Student: 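This structure is in structure tokens; I'll ask about it shortly.
Order of the sequence lines sets the chain letters (A, B, ...), proteins ahead of strands, with each chain counted from 1. Computation of the quantities below employed the complete heavy-atom set of this structure, encompassing side-chain atoms and omitting hydrogens, waters and symmetry-equivalent molecules.
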Amino acid sequence: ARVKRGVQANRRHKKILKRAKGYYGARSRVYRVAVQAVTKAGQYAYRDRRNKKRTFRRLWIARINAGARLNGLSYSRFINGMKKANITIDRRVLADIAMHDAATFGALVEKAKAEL
Amino acid sequence: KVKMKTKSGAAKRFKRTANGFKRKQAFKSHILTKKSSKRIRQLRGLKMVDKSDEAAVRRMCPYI
Amino acid sequence: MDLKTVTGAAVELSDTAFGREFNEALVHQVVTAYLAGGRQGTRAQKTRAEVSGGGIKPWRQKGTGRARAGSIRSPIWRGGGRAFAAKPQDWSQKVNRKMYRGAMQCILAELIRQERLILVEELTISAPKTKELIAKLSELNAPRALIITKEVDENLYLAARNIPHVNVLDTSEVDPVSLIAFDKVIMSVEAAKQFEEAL
Amino acid sequence: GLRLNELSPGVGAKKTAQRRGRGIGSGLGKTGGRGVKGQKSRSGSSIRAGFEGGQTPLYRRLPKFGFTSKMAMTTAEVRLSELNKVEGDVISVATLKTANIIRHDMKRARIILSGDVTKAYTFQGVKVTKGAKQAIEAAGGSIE
RNA sequence: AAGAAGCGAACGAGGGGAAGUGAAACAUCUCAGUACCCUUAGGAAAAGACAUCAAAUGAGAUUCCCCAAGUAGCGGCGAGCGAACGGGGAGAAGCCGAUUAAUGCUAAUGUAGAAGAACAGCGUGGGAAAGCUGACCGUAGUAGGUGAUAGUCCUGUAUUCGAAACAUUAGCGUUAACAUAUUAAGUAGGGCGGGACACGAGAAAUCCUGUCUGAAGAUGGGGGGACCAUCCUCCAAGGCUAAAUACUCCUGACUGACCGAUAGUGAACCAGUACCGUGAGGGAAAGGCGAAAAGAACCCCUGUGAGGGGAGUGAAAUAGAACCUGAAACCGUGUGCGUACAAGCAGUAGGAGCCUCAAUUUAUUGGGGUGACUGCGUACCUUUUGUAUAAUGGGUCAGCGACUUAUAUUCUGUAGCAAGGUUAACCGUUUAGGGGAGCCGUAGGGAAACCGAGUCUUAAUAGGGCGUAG
Ligand SMILES: [Mg+2]
């Protein structure tokens, strides 16, 4: 019962080369190089699923700091004032309000500043 | 037909008992003046093969 | 136990030979052993020893810049021997006598239980003629059938030879795979008695 | 009695074999369970029986003892519970042979108290132990 | 006058006879009486009828198979080597001419051959064997073909069958060549050195013989594993003998959970070729148009070239002869987007703009391509305490490339039977049925005799050791 490897080997290599579409040079063309580039891409993507949650909180905090300093407060006093006022609005939503609704963010700063 | 060969020299040293193997003890062949009579008494007779050694004994004497 | 022929005559068969509870694992082992006993097992490949040539070292060990080689018929090379080249094998199994008998018992009981066994008083074709057996099997409503009779007649055999999904067997040459493979089994009462005695 | 299409061996009947060196996911890739490069990882490697690495082995530390008796090779011990294989009431060495209780080249037989005897026998040319003898005549047989 | 010679598979018998290896070194030993060299047969060979075993109530030549048994033994008692008795089978046979070669009858075979059933319509289709409908043959229905898949189209198959000539096999008859012992002395036995016995000098029987010797001869001799006695057994020093057993250069039929062009023979092809080597010798690569050549008349460009474009053929011509399919590496052309102020495993997570398809009552979403800009981010394997490592390996792709097979053994699961389980070789009109020899379990203790739920040690009945569901 002799088994030829041609058809399965072909479809196996085509899966990897398909995942390597758009890569430079040998990285999208030749299997020995494509298979390393796909594995490294998956490794980076796994690490960056974690890191993106850090990067976006970084961004929200920056925008909230700018919004609060426009209203006369720093981030570390504004967040303390929210926690003292029992306001549960998350940083994602607070940054959205600071960016797209300046009067509402002014009202939130007023509440935090009255709490201090 | 090919069969496992017994270690014929191990068969001459080990014998089958109900739950193990029996053996004679060493240090009784010669040099026996200097040995105490307690050692001459207690080195005489059968010991049991140690539990750590009975795997090797089974590998060596597969038909006993 | 208590069965009827196609005509209506009552026949009493033993429960040990025709009523034993189905053991699918035992039936599987016996059927699979029967199948493995059909294998011829006649093949071979060549090892590096038995491929033509290959006696000299292809180049010297050091200094050529090449991976070291011992033979041009190594299994690594194109045209080399097979590492673990196959040789002829014996695929027959030892099936216990009682396991074979119990599997035949199980098979016969299961055939009765799913109504694939048909008892007839006799099945005698009077002329070595295929159409006669085709008519006799169409009235029995088993066009695709294994006809088990003691002392298979030397013109019923001829009448059955050319019918596609029909085989005629004597009770000594019945096998489990034959009993399982055909849509119906037409057993004479004499052959049912022989099966009672054998099993 | 099913189809050839639908017989199964049953759970636990079949186990798939291990194939060494078929990738990472199999748990047996690369070295195939042999570990790393020593004598045991090499091809024709064995576990040499009775070899302790050069230390004199146990069977050569210890003395040979005993001699082998030819008389014991032809003496067969017979249990009381094997006697249901005997045809008739007489129990002799020939009768034990034809019952296949003892090998056909056994010269002597000894009947020992292992099981129980269900009928009365007449033991002719065999040795019978004390408990075996009492059990035999409790079942109603005799020893001669 | 008759023969021989030489060549050529394997298997037989015989004369010589390694080493690598194993012993974790190595010399005894192993490998192994193997490889190889040499001699010489036959369809087989050899052996074979007791100067054999046994020690049982004895059996009754040789050979081969299954057990006995990895037992008894042998063994630097290491590594290893490894019986026999006997049991169960196959086959059987005993003779003194169981020879060889012809020829002649009678029979049979083989080497060419002969006949050999039964299907149409309709639709699709290049083509029908496939579809739908309805028939027929079958002692012939899973054969190979035929323009796609055919019991009924062809060759076949079932069945029945032929021989002028020659071969072969038997039976018979006859011839002509050779052979036809008459009971066994340089023999048995012995000393010395070797060899073979499973047995390595061993307490070493038995066999063989280079050397030196050397009987008795039936009122005798050989064997029974040193040896002696007794008992049993058998008569060497004459020859022969079928089968059961070994093999395959070949012939025929048949088969395959064997391969399918890097496989399978080295060799599917003008292969033991090309090629390499003084030579012995080594030793490739290389299959496929189409159903049918219908293999492209003729025209045009070109050098009467190559190559192409039309025309034509064809179902199909990116099926056009380097011809089925036609992957990848690799190399072009075209379109969209990006890219010439910016530093690194080239991705990833985000993200503007552009391009393109769709919706959507109309620049918003959704899909696709691209990716300015930001964060993070030193390949893979191996080997290591530890590798981005300036340590190893890989130019790339495709194809191939490494835990097998046989037997023994132990444990686990599962199935059947269960204090029992199971047969082996064989036979078998063969996976059945038969075959119980044997093996394992059912008892152990002890070196053993021996005893036995006990036994061993001991003066001890004490103590202690080991023992008290397959
Ligand atoms: Mg092509």
Side-chain angles (χ1 to χ4, degrees), chain A residues 1-2 5-6 10 13 23-24 26-27 29-32 36-37 40-41 44-45 47-49 51-52 55, chain B residues 1-6 8-9 12 17-19 22 45-46 48 58 62-63, chain C residues 23 25-26 29 33-34 37-45 51-53 56 75-79 83-84 86-87 89 92 95-100 102 128-131 155 158-159 161-164 172-175 198, chain D residues 9-15 19-21 32 48 51 54 60 64-73 77 79 81-82 100 103 105 107 110 112-115 129-131:
Chain A
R2 188 167 107 109
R5 299 141 58 181
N10 178 63
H13 276 202
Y23 295 171
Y24 174 66
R27 288 156 167 285
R29 299 169 168 84
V30 339
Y31 174 82
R32 276 170 203 262
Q36 298 178 188
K40 183 53 135 271
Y44 281 141
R47 180 214 55 203
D48 280 352
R49 270 177 244 124
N51 288 358
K52 135 188 64 173
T55 288
Chain B
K1 186 200 239 142
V2 194
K3 302 166 179 180
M4 260 192 111
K5 310 273 213 140
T6 288
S8 274
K12 285 143 158 138
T17 85
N19 316 299
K22 62 179 166 168
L46 294 156
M48 285 304 267
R58 280 185 291 253
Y63 301 99
Chain C
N23 199 334
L26 166 72
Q29 172 167 354
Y34 194 87
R39 291 179 80 159
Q40 209 163 272
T42 52
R43 44 148 198 177
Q45 283 110 60
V51 173
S52 194
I56 202 161
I76 296 195
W77 291 39
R78 166 197 183 276
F84 322 115
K87 302 297 154 202
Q89 278 177 83
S92 78
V95 11
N96 290 351
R97 197 186 280 122
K98 281 169 201 173
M99 286 181 85
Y100 174 88
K129 183 182 199 63
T130 309
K131 273 166 171 64
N155 86 18
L158 292 180
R161 216 155 62 155
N162 215 54
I163 317 174
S172 21
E173 46 244 37
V174 179
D175 53 280
Chain D
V11 352
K14 295 310 161 83
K15 201 140 171 245
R19 279 172 321 131
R20 288 172 198 182
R48 187 193 146 163
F51 184 69
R60 283 181 67 168
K64 314 186 270 180
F65 72 98
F67 78 99
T68 300
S69 78
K70 306 310 129 50
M71 205 168 340
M73 289 154 187
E77 93 199 19
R79 296 160 177 80
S81 68
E82 322 200 59
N100 289 143
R103 226 155 67 159
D105 54 301
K107 298 189 226 262
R110 301 178 58 78
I112 65 148
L113 164 72
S114 186
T129 71
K130 45 168 182 240

Student: Just confirming the chi classification of E:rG436, syn or anti, using 90° around 0 as the syn window.
Tutor: syn

Student: Given atom CZ of C:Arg43 and atom P of E:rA263, what is their separation to the nearest angstrom?
Tutor: 17 Å

Student: Describe the nucleic acid contact of A:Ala41 in one word from base, sugar-phosphate, nothing, applying a heavy-atom distance below 4.0 Å.
Tutor: sugar-phosphate

Student: Is a donor-acceptor contact shorter than 3.5 angstrom present between the side chain of B:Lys22 and the base of E:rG445?
Tutor: no

Student: Which pair of non-hydrogen atoms, one from C:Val95 and one from C:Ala33, has the smallest distance, and what is that distance?
Tutor: CG1-CB, 4.1 Å

Student: Under 4.0 Å between any heavy atoms, over every strand shown, what does C:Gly79 touch: base, sugar-phosphate, or nothing? Just pick one.
Tutor: sugar-phosphate

Student: With a 3.5 Å cut-off on both distances, are E:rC376 and E:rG104 a Watson-Crick or G-U wobble pair?
Tutor: no

Student: Strictly under 3.5 Å: I want the nitrogen or oxygen pairs between protein and nucleotides 465-470 of chain E, one per line.
Tutor:
residue: E:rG467; atom: OP1; partner: B:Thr17; partner atom: OG1; Å: 2.9
residue: E:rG467; atom: OP1; partner: B:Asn19; partner atom: N; Å: 2.8
residue: E:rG467; atom: OP1; partner: B:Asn19; partner atom: ND2; Å: 3.4

Student: Under 3.5 Å between N/O atoms: give me all the protein pairs with nucleotides 134-137 of chain E, atom names plus distance.
Tutor:
residue: E:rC137; atom: OP2; partner: C:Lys131; partner atom: NZ; Å: 3.4

Student: Can you name the ring-ring contact (aromatic ring centres under 6.0 Å, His included) partners of C:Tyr100, sequence neighbours left out?
Tutor: none

Student: C:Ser92 near the nucleic acid: base, sugar-phosphate alone, or nothing, with a heavy-atom cut-off under 4.0 Å?
Tutor: nothing

Student: Distances under 3.5 Å between protein N/O atoms and the N/O atoms of nucleotides 394-399 of chain E, please, pair by pair.
Tutor:
residue: E:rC397; atom: OP1; partner: A:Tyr31; partner atom: N; Å: 3.3
residue: E:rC397; atom: OP1; partner: A:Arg32; partner atom: N; Å: 2.9
residue: E:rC397; atom: OP2; partner: A:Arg32; partner atom: NE; Å: 2.9
residue: E:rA398; atom: OP1; partner: A:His13; partner atom: ND1; Å: 2.7
residue: E:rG399; atom: OP1; partner: A:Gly6; partner atom: O; Å: 3.4

Student: For D:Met73 and for D:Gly12, locate the closest nucleotide of RNA chain E by heavy-atom distance; then report the residue assigned to the nucleotide nearer the 5' terminus.
Tutor: D:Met73

Student: Is it true that a side-chain atom of C:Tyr34 and a backbone atom of C:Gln29 form a donor plus acceptor pair closer than 3.5 Å?
Tutor: no

Student: Grab the CG-P distance between C:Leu26 and E:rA415 for me, whole Å please.
Tutor: 10 Å

Student: Establish whether E:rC450 and E:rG470 are paired, applying the Watson-Crick or G-U wobble definition with both distances under 3.5 Å.
Tutor: no

Student: Tell me if the side-chain of D:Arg110 makes a donor-acceptor pair with the base of E:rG452, cut-off 3.5 Å, by modelled atom types.
Tutor: yes

Student: Can you name the closest pair of heavy atoms from C:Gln45 and C:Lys87 and give their distance?
Tutor: O-NZ, 2.7 Å

Student: Do E:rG73 and E:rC81 meet the pairing test, Watson-Crick or G-U wobble with both distances under 3.5 Å?
Tutor: yes

Student: If we require both distances under 3.5 Å, is E:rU382 with E:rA391 a Watson-Crick or G-U wobble pair?
Tutor: yes

Student: Check if the side chain of A:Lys40 and the base of E:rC380 share a donor-acceptor pair of N or O atoms closer than 3.5 Å.
Tutor: no

Student: Rounded to whole Å, please give me the gap between CD in D:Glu77 and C1' in E:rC451.
Tutor: 12 Å

Student: Please give the nucleotide sitting opposite E:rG60 as a Watson-Crick or G-U wobble pair, both distances under 3.5 Å, or none.
Tutor: none

Student: C:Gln40 CD to E:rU431 P: how many Å, rounded?
Tutor: 16 Å

Student: Dump the pairs, protein N or O against N or O of nucleotides 368-374 of chain E, anything under 3.5 Å, distances to one decimal.
Tutor:
none

Student: Which part of the nucleic acid, if any, lies within reach of B:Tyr63 when heavy atoms closer than 4.0 Å are counted: base, sugar-phosphate only, or nothing?
Tutor: sugar-phosphate

Student: To the nearest angstrom, how far is C:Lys87 atom NZ from E:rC258 atom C1'?
Tutor: 12 Å

Student: Identify whether E:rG12 and E:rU40 are a Watson-Crick or G-U wobble pair (both distances under 3.5 Å).
Tutor: yes

Student: Quick one: label B:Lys1 by what it contacts on the DNA or RNA (base, sugar-phosphate, nothing), any heavy atom closer than 4.0 Å.
Tutor: sugar-phosphate

Student: Could you pick out which residue, C:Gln89 or C:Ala159, lies toward the 5' side of RNA chain E when each is mapped onto its nearest nucleotide?
Tutor: C:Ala159

Student: Paired with E:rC153 by Watson-Crick or G-U wobble geometry, both distances under 3.5 Å: which nucleotide is it?
Tutor: E:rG145

Student: Take the protein atom CG of D:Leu113 and the nucleotide atom P of E:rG452, then report the distance between them rounded to whole Å.
Tutor: 10 Å

Student: Enumerate all atom pairs, one protein N or O and one N or O from nucleotides 272-275 of chain E, separated by less than 3.5 Å.
Tutor:
residue: E:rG272; atom: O6; partner: C:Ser52; partner atom: OG; Å: 3.3

Student: Please classify E:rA342 as syn or anti, treating any glycosidic angle within 90° of 0 as syn.
Tutor: syn

Student: With heavy atoms under 4.0 Å as the rule, sort D:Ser69 into base, sugar-phosphate or nothing.
Tutor: sugar-phosphate

Student: When only distance counts, do a donor and an acceptor, one from the side chain of A:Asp48 and one from the base of E:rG375, lie under 3.5 Å apart?
Tutor: yes

Student: Using atom NZ of A:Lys52 as one end and atom P of E:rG377 as the other, report the distance to the nearest whole Å.
Tutor: 18 Å

Student: Which whole-number value in Å describes the distance from C:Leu158 CG to E:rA117 P?
Tutor: 20 Å

Student: Does D:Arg19 reach a base, just sugar-phosphate, or nothing at all? Heavy atoms under 4.0 Å.
Tutor: nothing

Student: Could you tell me whether E:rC199 and E:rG225 make a Watson-Crick or G-U wobble pair, using a cut-off of under 3.5 Å for both distances?
Tutor: yes

Student: So, with the rule that both contacts fall under 3.5 Å, do E:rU348 and E:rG375 count as a Watson-Crick or wobble pair?
Tutor: yes

Student: Sign of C1'-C2'-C3'-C4' at E:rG351: does that make it north or south?
Tutor: north

Student: Please give the distance between the P atoms of E:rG82 and E:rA98 as a whole number of Å.
Tutor: 42 Å

Student: Between the base of E:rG435 and the side chain of C:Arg97, is there a donor-acceptor distance below 3.5 Å?
Tutor: yes

Student: Does a distance-only test, which skips hydrogens and angles, find a donor-acceptor pair under 3.5 Å between the side chain of C:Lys98 and the base of E:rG421?
Tutor: no

Student: I'd like to know if E:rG76 and E:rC26 make a pair - Watson-Crick or G-U wobble, with both distances under 3.5 Å.
Tutor: yes

